[PDB]
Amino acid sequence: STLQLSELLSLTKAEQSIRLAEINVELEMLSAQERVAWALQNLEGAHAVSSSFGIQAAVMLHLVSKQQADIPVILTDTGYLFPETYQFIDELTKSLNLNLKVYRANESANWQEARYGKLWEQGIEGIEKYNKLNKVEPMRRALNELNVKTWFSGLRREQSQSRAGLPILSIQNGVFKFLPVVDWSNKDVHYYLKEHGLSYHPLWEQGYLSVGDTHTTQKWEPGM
C-alpha cells in the first residue's frame, strides 16, 4: 500500500541505501511525472515541496502542483530576498495557484540587525548563526507543523560534483527526500519551461546565474 517511514528510521544509513536500492533503479527508468505520481501514491504523507523561488524554480512548482493542486509549497523568507524574487513568488503563486506556506525567524530583519548587527559581515560564526536563524530552523519548523513525511526538492546531479551521486529517493532529517528531476540537464529544464510557457526568474535576463539574499549573492558581472 504505502511505504512506512518508521521502519526505515530504525535502520542505519547503509541499511537504508540497501532497502531502497531496487526502487531507486526502478524510479530512474520513469519520467519525472511518473516519479512524482509514484511518490504521491506510495510514500507516507503529508507531501510538501520546498522552493527558494530561484532561477529555475517554475519547473518543480509546475511539475508537482499539476499532480497535487493543493500541495504545500514551503518558502523560508530570510527577509533579504531580491525584490525580483518577491515579485516572482507573487507571480508564480497566482499563475500556478500555489498553496504557499511562509516560514521565517521570530525576529524580523531589522530586529536581528538591532540585536546582532549584520551577521553576514561577522565571519564563520556570523554566517552560521544567520543560516540557523533564517534558513535551518524555519524549514525544520515547517516540516514539523505541516506533518511532512515526503519532501520534494528540485536538486539535480548536474548542479555540482558534490551532488553527482544523489539518489531519487533517500531519508534525510527524518523524512523521505524525493528528487524527481535529479537526472535532468540544464537543457531539459529550458525545454520544460518553454514547453509549458513558464518563465525563468526575472534576474536571469539581467546576468544573475543564481539568486539568494541581496547581501550574499555573488556579484556575477561588473557594475553589480
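Note that residue numbering follows the sequence shown and begins at 1.
Higher mean CA B-factor, judged across 52 to 60 and 34 to 42 from the recorded values: 34 to 42. Remark: stretch with higher mean C-alpha B factor among 89 to 97 and 105 to 113 is 89 to 97. Among the modelled residues of the chain, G79 sits in the lowest third by CA temperature factor in this PDB entry. Annotation for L155: CA B-factor lies in the middle third of the chain's modelled residues. When all modelled residues of the chain are sorted by CA temperature factor, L198 is found within the middle third. Remark: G165 belongs to the highest third of its chain, ranked by C-alpha B-factor as recorded. Among the modelled residues of its chain, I124 has a C-alpha B-factor that falls in the highest third according to the deposited record.
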